Structure formats: C-alpha cells, structure tokens
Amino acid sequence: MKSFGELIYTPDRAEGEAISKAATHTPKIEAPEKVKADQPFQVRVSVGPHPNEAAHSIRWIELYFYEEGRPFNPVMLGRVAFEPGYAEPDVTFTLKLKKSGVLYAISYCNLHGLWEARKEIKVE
C-alpha cells in the first residue's frame, strides 16, 4: 500500500482533481534567501485564497527544516492551528537558524488533504 509520504500533495506531482486545487492549498513561503547564523529573522507563510468555515478551512500549518549535515532530519520548527471562521491561514514566524538547509511548510485542509511547499535558505 501507499506510505504516508506518498500522500502529501505537491504542485509538481498534482494529479487529477488535485491539479485544480494546487494554487489555493499550497503554502506560500516568504523568507530571505540568506541569513546569518543565530540571528532572528521572519518567515511568513500564507495559504489561499480559501474558504474559512467550520465545514471547510485550512486547519493548521507545520514548519520543518532539513538541516544540512544532521545525522537525522528533519527538525520541526513550529506548528500553528487556526480556529475556523476567526483566524486566517496567514502567519509570521521568527526563526533562528544555525546551518543551511531547506524550509518545509505543510498545511492541512480538512476536505483537501496535506500540501507541501519548500524553500532553500542559506546560512552564513
């Protein structure tokens, strides 16, 4: 059968119905290309436009980081959950990185599954 990782939707592997839903469920990551080690910087993650109702909303977003050279990966960075109708899926985190790697954002829609975006960040 399918492993969990095969189930996560990405825009470049979108198939069938999923294709039409990619633009409004794939997280958008706004982050600098380059940061200094140990220095705080902001990352904004937003999803949509998308409905926001009890029956249908982006429920949460999780952020992970693949850190270069780590014996195991990834490192979870944060998780934010949004109450339907009150909080929009658009959030700004403050992060400190130590080493270059890859930032992953995963959002969940209760109807339309798990969607992944990723962005490389260089740490100098």
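The first residue of the shown sequence is 1; numbering continues from there.
Student: Pick between 58 to 66 and 41 to 49: the one whose mean CA B-factor in the entry is higher.
Tutor: According to the PDB entry, the answer is 41 to 49.
Student: Which wins on mean Cα temperature factor, 21 to 29 or 101 to 109?
Tutor: Looking at the record's C-alpha B-factors, the answer is 21 to 29.
Student: Looking at the C-alpha B-factor values in the deposited entry, which of 78, 85, 74, 89 comes out highest?
Tutor: Highest C-alpha B-factor among the listed options: 85.
Student: Split into thirds by Cα B-factor across the chain's modelled residues, where does residue 1 land: lowest, middle or highest?
Tutor: CA B-factor rank for residue 1: highest third.
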